[PDB]
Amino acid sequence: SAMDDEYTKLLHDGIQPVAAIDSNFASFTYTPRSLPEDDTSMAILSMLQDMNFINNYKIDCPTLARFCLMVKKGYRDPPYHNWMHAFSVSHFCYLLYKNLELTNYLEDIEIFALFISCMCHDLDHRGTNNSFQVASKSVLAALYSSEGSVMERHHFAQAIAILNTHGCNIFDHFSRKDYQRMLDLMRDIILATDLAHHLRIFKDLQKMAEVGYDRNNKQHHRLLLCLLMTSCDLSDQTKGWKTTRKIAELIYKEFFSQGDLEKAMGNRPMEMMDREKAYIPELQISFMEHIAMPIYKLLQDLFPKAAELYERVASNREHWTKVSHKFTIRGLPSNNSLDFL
């Protein structure tokens, strides 16, 4: 009944103009996690409208309203992999569209697929990684472990199950070829969110950047969609220091909860998931240096207007070194007690 009332307003009230969400809503400086969660579904509609996807693809408004609410309802509430993560990832896709001239690189249907994939790309996440699915013999590993990217295959399958819910197929008027194309793009883009996939294709991304993007090269389109998806997925790191500090807290809370479950199963967790061994500053610097910084450098190499994103990530990485000393206990604890020994 709650979704029904939310649906009724979303459909009949009208789509708010994107500028009424916030004055800097289309800026790389805007933090979409500042928007109250109760306003995010309308914000999704506003972005789809402002990108002209509703008109261009003649999307049925009742179907779109139901679809957006169903996607939102398809996320659980772990500390990090929740609807506010998917919303902020989608918002960054919108920022790329508004700031980087994607229509000079990608087909319209590819840009639309990227945005919809962003909304769906972590559907039904349980706060555990792919290794945990296999180690815990979960149902998801039973379905997908032979293929790899267990969680990402589940996210895609959940997106399809939403489309296959009566009243929710935003694409059901597409031609057969266009429908097939959209679902194939969603498959490739969602599976691209597995960081292991990113690391496998990284040298191909570098080679594409070095030689120059070729808009007539079908493999270049595919590689660019992967890089853009990853850039949206990691985009919290392109914001201010306070955003990245909070996101670190949410990440480690989720990771350490997984590690607690592994220890209760008799398995030694990954160091980054073991609250007794993980040293957060060192781990964030390693993640920033080896994963996040190279991604935004590739993006800057392909889009010179993305330079500010890379500089922000590098700045945040240097901030971690500046605060590292605070993880050492100087003097006595604030309670004046050594009881923790």
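In this text, rigid core is short for the largest set of C-alphas that superpose within 1.5 Å between two forms. One rule holds for the numbers: they count along the sequence shown, beginning at 1.
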item	value
RMS CA shift, core-fitted in 9 other deposited structures of this protein, bigger for 236-244 or for 122-130	122-130
RMS Cα shift after core superposition in 9 other deposited structures of this protein, winner of 150-158 and 73-81	150-158
320-328 set against 9-17, stretch whose average Cα temperature factor tops the other in the entry	320-328
Mean Cα B-factor comparison, 116-124 or 201-209, giving the higher one as deposited	201-209
Highest-ranked of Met270, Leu140, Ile162, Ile190 once sorted by CA temperature factor in the record	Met270
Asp301, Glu37, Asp50, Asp60, ranked by C-alpha B-factor: the highest one	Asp301
Third assignment of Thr29 from its chain's C-alpha B-factors	highest
Third of the chain, ranked by Cα B-factor, where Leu227 sits	lowest
Relative C-alpha B-factor of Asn55, binned into the chain's lowest, middle or highest third	middle
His91 by Cα B-factor - lowest, middle or highest third of the modelled chain	lowest
Relative C-alpha B-factor of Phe287, binned into the chain's lowest, middle or highest third	middle
